[PDB]
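> only geometry, no sequence info:
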């Protein structure tokens, strides 16, 4: 059950600086795209609705909450790089020491690197020192080299 | 049902810097005038009660929430000035595009400017470029020129007036040059005036002292007054008289003298500071806020 | 009246289900095991007494406690509700709940605890009843509580565990290189019942405004906050008494007109508090009472021992402490956990402080990886004149910038600061650049609740190579706060903490390879098998000084403890010898908190390594020592007092017996004085330093030459020097 976005603005008292800008005063207290209220390059079409996918997801008690990949360093000449993985998971205590993280860097099915490590705590940092990997470049300055990075939480006994 | 102000202070644990000052420790965690607990120029009389008016108000669905008048620029020689109106209203969506804002700047019945605009959103900035208007000065440097500013919300079909807000504003600019100096309308002014203290330990009688007490400053030829932070905030009539008589107002917040750095006191003070600023930011006599 | 709820309780424990148990009903309905428990205590102590776990101090038994990190703990007991008069208050005081618990009194929840490091007081006046009452505490898994939070990138990958970052517990309990992983749980400090009067003292905050030692005067401020019913206003008086041994110094009476008051007390005939060496640790009993003006009935009384001193952190680790106007040279140790099961900390405090008194430390840094020590620790430091540098409880990592963590840290900081701000020994708070925690939350608490002490928003470990390398000898830090060197513990400790087949360290008899139990005692946090690592510091530092690692265990202990003793003594002589530029050295550390292999100089069971005795001889108020010079050496005497002294010094070569120097010296107060240049000796050997001051003999030494030395020759030089045992 969706309400009127425009009428929501009147639940707030605006400060002086929020009045008189090219952005609409209706947009100041709400978290919506400002151009929806009208702009010199967009029509006023406030609209409403479920504008992106709606899904149902089934998760296990052991699940990956977030996989954060970070480049510490890159050496394009040596075709090397150091990539960190900041991994956060949900992990029932009975699953501590009984689950492992399986980390794979690959390129078109060819495995570049595989690292496995036992999950002894819910959050971990894994640093990967990679060889034979090309750097990512914007157009003109080189090739936009990409690599498939995969992480899985695998039971050490059943392989689940 | 009012309870004891003194006993309320024992619901707070005080920091060291709030213990041992001139203002009472009972004053540190409560939003009251510190002078009610006693000072060297005021007795100890905490008191209680409904010390200002109690009214019942009926508002239409279309009503003016706030009319904020701001002097953008002023040209005393050419008798010109740019004034801004930051208008916020309650506006049912059915009344969108069906109400207009009517703005009238007048003086002694003589219309200076009239502007109409269709209300398409609840909040708007209107800019007025006025001609044939004089600037507002403190005493000595010019006349305390005032103009009536009126804003009304009118049904575009029936002409029904849903709300009207009226006040007297002054066209003036104020700057502080920083051990400082005030700059009114681009001219450095010399300040000479008194510190305003509580008009009465029983503050419900303050409103009856205002007229005669401001006259004292008029006969004195004060051009500035500093409202002391140990006192309450004065009501609207005090600032209206300071507008009429060209007396600049230095407004302290109601501090006394160090206070809590924690979240609860900061939320109570922000609530008060927003209420007082919105109430008084349209008076040309007001020139400076101070943390005190 | 205070009534102790300590003693025998009932403890039921069980694995924590996916939905944590939080109600009395859920606790009694769960499948678990019931055993008797002792309060204060730790759940592993009760379990070991019940024969359910094995001694975690021995072998690899620490790893067997791992499953209990996912358990819940249900404490239970009954008490007799005290008599309460109209207006009085009944308070249930917890000195330490570890950690996330729901507290119930007579089926009514009275509080939700969530901080291991501070007290928790609950007003239970209206929920108690006549006859037997019921106290039930239901603790949850601390480790699992971490998964209720989403961590920022900075909180992942540090030496401190990711499980520690969102929770307010001692970081070292999750495992450290000097502490075992032993999360534990329980009521680890006192549980008491307190009756308060409607007229009571909330807080008594003693602040020293000024001190005049020569005139024996001081100005003390009393910031008093009280609860006072209004019909008690102008009818109660405060009775402020400052005394020493019964002899009174001040009696001031003031009529209580408001609930909070600042009383300024200008005192005469009072001596100032000083750290060790710089004077006496003069303390005075400060007593404040609320007394009825008519009946003389005393409603409350707060008594403590205060000290009159001023502290200023003078920046130029480029800083020096200014105590009572004099620049003091700090020498002391870092203070680490006293026990992995912190309910036994109170039983160790007195003997552990005695280690520092005999060492002659004038300062101690309470490491942020540990809990905050209780009041008795600071009372002893006040009594023995040991300055206390207190970290807030955060180890080696980065923390959340969000509101919920800031609120929990603020509440903790207000609690501990108000608790400790009246101890004269306390001299500094430390947060341990855009960080909200260390540059806003903690600094705002010190700003409002302790403007009298400096707040600090240096550490020489590094490669840990030869102790004479320029990493140490040319570090320009005037004040160092961490520096240490490995030393193998005494044989008697090795035989007590290792299995019989694991006392000898060498895996498969290969010198340099450690068996699995020694690896566990590294400490190793998780049971993960590997060779090398932290233990290799012992063999690497032995090989640098003596060429090779001895295979015989006794020879290895002596070689390792000799390298630690020479290195640590060298660091202290290097900072004492380069005054006035060097302002202080806080070394690491004096005592283990668990039977382990470490860089401490005395183990958990009180076994002092050779470093303790070497250090003791370079920690005197006035110490003669030798520092290397351009060509040759330099005999110096360092004075860490405000008094001049005179003496005679003699330096001889131990092997040949030749005299190198003999003469008289004056040691001017609070400075380093150069006595004489000493000519370059040939080859390797040891010089003995003998000096006499006020009819008392003192001994030091200097090892000359360059490594590697021969172990048996160095052992001959020590025995012929006659100072230390072997």
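Good, I have the coordinates. Numbering: from 1, shown residues only, chains lettered A, B, ... in the order given.

> contacts and neighbour counts: CA atoms only from here.
Will do.

> can you give me the helices for chain A?
A:5-8 (DSSP state H).

> Can you report phi and psi for the closest residue to residue A:49 other than its chain neighbours?
Distances taken as C-alpha to C-alpha, 6 or more residues apart in numbering or on different chains place residue A:2 nearest to residue A:49, at 7.7 Å, with adjacent residues excluded. Note on residue A:2: backbone dihedrals following degrees, to the nearest 10 are phi -100, psi 140.

> What residues are bridge-paired with the residue of chain A found nearest chain C?
Of all residues in chain A, residue A:125 sits closest to chain C, at 5.0 Å by C-alpha to the nearest C-alpha. Taking DSSP bridges as the rule, residue A:125 bridges to residue A:86.

> need the contact list for it.
By C-alpha atoms under 8 Å, 6 or more residues apart in numbering or on different chains, the contact list for residue A:125 reads A:84, A:85, A:86, A:87, C:156, C:157.

> Now the residue in chain A positioned nearest to chain B: closest residue in space, sequence neighbours ignored.
Proximity of chain A to chain B (C-alpha to the nearest C-alpha) peaks at residue A:20, 4.8 Å away. Once flanking residues are discounted, residue A:20 sits nearest to residue B:125: 4.8 Å by C-alpha to C-alpha, 6+ apart.

> So which elements touch the longest strand seen in chain A?
As assigned by DSSP state E, the longest strand anywhere in chain A is strand A:63-75. The helices and strands touching strand A:63-75, judged by 3 or more C-alpha pairs under 8 Å, 6 or more residues apart in numbering or on different chains; DSSP states H and E, are strand A:80-90, strand A:148-155.

> ok, 7 Å please
For strand A:63-75, the packing partners by 3 or more C-alpha pairs under 7 Å, 6 or more residues apart in numbering or on different chains; DSSP states H and E come out as strand A:80-90.

> can you count the residues close to residue A:88?
22 (other C-alpha atoms under 10 Å in any protein chain shown).

> Which residues are in contact with it?
A:64, A:65, A:66, A:67, A:122, A:123, A:124 (C-alpha atoms under 7 Å, 6 or more residues apart in numbering or on different chains).

> Just the buried ones from those residues?
A:64, A:122, A:123, A:124 (16 or more other C-alpha atoms under 10 Å in any protein chain shown).

> Run through the residues that contact the first one.
What that stands for is residue A:64. By C-alpha under 7 Å, 6+ apart, the residues touching residue A:64 are A:88, A:89, A:90.

> and it, bridged to which residues?
residue A:89.

> how about the strands of chain A, start to end?
Using DSSP E, strands in chain A cover A:63-75, A:80-90, A:99-107, A:110-118, A:123-131, A:148-155.

> Go ahead and confirm residue A:34 touches residue A:28.
No - counting by C-alpha atoms under 7 Å, residue A:28 is not a contact partner of residue A:34; they are 8.3 Å apart.

> How many residues are close by residue A:5?
Residues near residue A:5, counting by other C-alpha under 10 Å: 16.

> Same check on residue A:36?
Other residues close to residue A:36 by other C-alpha under 10 Å number 15.

> Tell me who's in contact with residue A:103.
A:114, A:115, A:116, A:150, A:151, A:152.

> and with 8 Å instead?
A:114, A:115, A:116, A:149, A:150, A:151, A:152.

> Could you identify the most distant pair in those residues?
A:116 and A:149 (13.6 Å; C-alpha to C-alpha).

> Residue A:160 and residue A:101 touch, don't they?
No - counting by C-alpha atoms under 8 Å, residue A:160 stays clear of residue A:101, with 11.8 Å between them.

> When these two are compared, which one has more neighbours?
Set residue A:160 next to residue A:101 and count neighbours by other C-alpha under 10 Å: residue A:101 wins out with 19 against 8.

> Which residues are in contact with that one?
Residue A:101 neighbours (C-alpha under 8 Å, 6+ apart): A:116, A:117, A:118, A:119, A:151, A:152, A:153, A:154.

> Buried among those residues? Need that as a selection in PyMOL.
Command for PyMOL that selects the buried part of these, burial taken from 16+ other C-alpha under 10 Å:
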select buried, chain A and resi 118+119+151+153+154
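
> how many neighbours does residue A:134 have?
Residue A:134 - counted by other C-alpha under 10 Å - has 21 other residues nearby.

> who's in contact with it?
Taking C-alpha under 8 Å, 6+ apart as the test, what residue A:134 contacts is A:76, A:79, A:80, A:145.

> so residue A:136 makes contact with residue A:146?
Yes - counting by C-alpha under 8 Å, residue A:146 is a contact partner of residue A:136 at 6.8 Å.

> anything in contact with each of those two?
Counting by C-alpha under 8 Å, 6+ apart, nothing touches both residue A:136 and residue A:146.

> Hmm, residue A:129 is touching residue A:75, no?
No - look at residue A:129 against residue A:75 with C-alpha under 8 Å: they stay out of range, at 11.2 Å.

> Now the common contact residues for those two.
Both residue A:129 and residue A:75 are contacted by residue A:81, under the criterion C-alpha under 8 Å, 6+ apart.

> can I get the contacts of residue A:134 in JSON lines with neighbour count?
Listed next are the contacts of residue A:134 as JSON lines, based on neighbours: other C-alpha atoms under 10 Å in any protein chain shown:
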{"residue": "A:76", "neighbour count": "13"}
{"residue": "A:79", "neighbour count": "13"}
{"residue": "A:80", "neighbour count": "17"}
{"residue": "A:145", "neighbour count": "12"}
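
> Between all of those, which two are separated the most?
A:80 and A:145 (12.6 Å).

> tell me how far stretch A:78-98 is from the chain's mean position?
Put simply, stretch A:78-98 sits 16 Å off its chain's centre (C-alpha atoms, centre = their mean, to the nearest Å).

> Ok, stretch A:27-36 next?
23 Å.

> Which positions within that stretch qualify as buried?
Neighbour-count burial for stretch A:27-36, counted by 16+ other C-alpha under 10 Å, picks out A:27, A:28, A:34, A:35.

> Stretch A:6-26 too?
A:6, A:9, A:10, A:14, A:18, A:19, A:20, A:24, A:25, A:26.

> Verify the stated contact: residue A:23 with residue A:34.
Yes - in this structure, residue A:23 is within contact of residue A:34 by C-alpha under 8 Å, at 6.5 Å.
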